[PDB]
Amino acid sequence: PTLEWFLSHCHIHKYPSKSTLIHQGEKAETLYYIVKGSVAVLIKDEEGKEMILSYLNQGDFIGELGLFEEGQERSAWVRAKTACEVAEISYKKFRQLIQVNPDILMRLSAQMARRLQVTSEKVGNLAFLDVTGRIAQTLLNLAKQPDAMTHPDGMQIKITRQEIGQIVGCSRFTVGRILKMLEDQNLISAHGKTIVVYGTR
């Protein structure tokens, strides 16, 4: 579409697993674009604990936040969850594709619109729903987005308790017991893969 026009002005790079693509801080001047692969977008505290503040996937743009204002620091980290093919353009160039065909600035904005929405829920269920709650709708969203083996009938994602814990913002230790005694209610399953939607005990 239009997106193959913008995509052609873009050096196509592969990254390894666990590479960093962006650090919080770094000069913001390149607007990326995931061609293949998935990506976790974090933030971290000077003391150390981090948070997962979204996943992103094919056709998701990255580094979008700089572009509207000049010279600002990258707002979060992003580390390839797995091997990605990411493209890239300078902002100085991007804004040109824009004033040469304005549909891509549509493509882009709708991205951060769903994003402003999903994020405002995330604030909402940190001030409201306790761990068990926060944990619950999480495994839920973790099947409306790819890796959910319909164990035959019913999801089976893999994500480690430590990870869930890093989505929710609760100790790895709490994410153990709650997830555990969550199968007590016959609602869940275990090992590393969580087979959601049914469960057992």
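Note that residue numbering follows the sequence shown and begins at 1.
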Query raised in the report: Out of 113-121 and 68-76, which stretch has the higher average CA B-factor listed in the record?
Result: 68-76
Requested in this report: Look over 16-24 and 176-184 in the entry and identify the one with the greater average Cα temperature factor.
Outcome: 176-184
Report summary line: Among 132, 150, 57, 162, the highest C-alpha B-factor in the PDB entry belongs to 150
Query - Out of 100, 106, 83, 87, residue topping the C-alpha B-factor column of the entry - result: 100
Report task. Among all modelled residues of this chain, ranked by Cα B factor, put residue 139 in the bottom, middle or top third, i.e. lowest, middle or highest. Result -> middle
Report summary line: By the entry's values, the third containing the CA B factor of residue 37 is the middle
Report summary line: Sorting the chain's modelled residues by C-alpha B-factor and splitting them into thirds places residue 157 in the highest
